[PDB]
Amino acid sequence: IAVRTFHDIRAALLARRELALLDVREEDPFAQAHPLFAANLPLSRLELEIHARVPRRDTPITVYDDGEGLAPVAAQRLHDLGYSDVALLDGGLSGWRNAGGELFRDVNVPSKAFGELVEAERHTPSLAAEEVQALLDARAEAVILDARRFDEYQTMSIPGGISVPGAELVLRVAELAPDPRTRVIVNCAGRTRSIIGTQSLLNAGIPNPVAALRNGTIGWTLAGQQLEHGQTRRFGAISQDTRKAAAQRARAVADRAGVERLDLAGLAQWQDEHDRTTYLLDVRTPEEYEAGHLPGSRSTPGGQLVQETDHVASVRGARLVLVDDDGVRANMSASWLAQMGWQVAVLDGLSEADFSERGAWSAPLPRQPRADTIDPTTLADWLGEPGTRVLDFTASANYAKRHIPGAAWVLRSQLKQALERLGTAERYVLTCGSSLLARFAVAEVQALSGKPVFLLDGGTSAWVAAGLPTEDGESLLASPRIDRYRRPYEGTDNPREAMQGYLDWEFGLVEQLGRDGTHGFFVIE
């Protein structure tokens, strides 16, 4: 395990050499401060995502934390998983700060900062919440398209809004706003996806007057206006005429942004070059993906690939190949990734036969460690007497929703502390949604406790499937709930102060990008 400094990372970013800068702390602390291109991969779930986010075993990986002692453990596990070029960031987070490195809060910062850059450079049109409300009061001919995931749209939405995820905008707009006089308004929860969506439509050159709802659902609430909930308005299937026209416009945008082209043979060649990381991504809807997709491809709906790029393409400097079956979605998404400095190509010449693999994406995993298992009914019997400690590794949010009675929620990254707090037990039984994450924790629990440790066969899902009783709420938390950053732009229970604070934070991103100076972003037109 070597050591790499802020300067080593900065040099690689400027030269655009592949690298993976991983913050191994939990998400909440990550969200308080981290380098622009640092990807968050909590030590707690390192093994579950590393092979997908950093596929090249010899990729220069640099892990860090802020002194918790998580980094050295992460480095060792990576070595044992087969990664040959692992290092610790000199001084950790503080080392980066002390060297003069720029630090950012929140999540998916490159994507959000880029969004602000687009508006700053192209002056992307926007309408105040009050102006849009007036249009509604005037029964104006206008459609409001929500560019977020369908589940976000269902949580809360702008009155009359229609769900049209980011990458679907250029493809579906002609069917939702056929009259060129019809105004098209794009919204999200905050600003990012609304800016990208509005500019996507302008870049594609639609005849309709377009504008982003300024500050989205957050702005709607701050304006004292009313949101709807549980809505189901959504885009529909389009005609071939609509598709062909939009595809021509999209391809032009992609060519303009420098998006590369590839055919199946070209793809195979890239995957044959072991000196580069190549992510094969399907930008269509989840439903289409599961109905049939290219072998080796991962499902990353376009709008979200552009919004949460670091969750998938964690190796900055890597190569991306996008898949779609319409000629619009991949081209548009690629144009944005190109502007965010990514080397990206769109896969051409695909036929219906190429989408042969079916079902949900199966993430690549390392060898599964061995463990002695116990059936749900046996565990129930054990719990009839004291002495059995059940540890739940699922996300704290999931735990609060439903868990095995008496189970203690824990952070895999803080097991020593959790076990001390819980006292002693005659035996431990580990669980999680399916038992997958808990299985990777067996060895550590055995080491720290020196007690018999078992894995619940099938996890909590199996327990529930057995008809056994469950308990909800924060029954017993043996670790602090820092596994998830409370995004001010998700849900409707965030205080107005936090929501306005989120907008203020985005307002300062372009200035921060200037101070960082390693992004290489550019905005076409």
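Start at 1 and count along the sequence shown; that's the residue number.
Take the C-alpha B-factors listed in the entry for 460-468 and for 476-484, compute each mean, and give the stretch with the larger one. 460-468 has the higher mean C-alpha B-factor.
Comparing average C-alpha B factors as deposited, tell me which of 397-405 and 108-116 sits higher. If you average the C-alpha B-factors of 397-405 and of 108-116, the larger mean comes out for 397-405.
Given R214, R316, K244, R148, identify the residue with the highest C-alpha B factor in the PDB entry. Going by the entry's C-alpha B-factors, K244 comes out highest.
Per the PDB entry, which option out of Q231, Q307, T431, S362 has the greatest Cα B factor? Comparing C-alpha B-factors across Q231, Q307, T431, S362, the maximum falls on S362.
Lowest, middle or highest third - CA B-factor, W382: For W382, the deposited C-alpha B-factor lands in the highest third.
Taking the chain's C-alpha temperature factors as the reference, tell me which third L81 falls into: lowest, middle or highest. For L81, whose C-alpha B-factor we compare with every modelled residue in the chain, the answer is the highest third.
Third of chain Cα B-factors occupied by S44: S44: CA B-factor falls in the middle third of its chain.
Grab the CA temperature factor for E444 from the record and place it in the lowest, middle or highest third of its chain. It falls in the middle third of the chain.
Relative C-alpha B-factor of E168, binned into the chain's lowest, middle or highest third: For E168, the deposited C-alpha B-factor lands in the lowest third.
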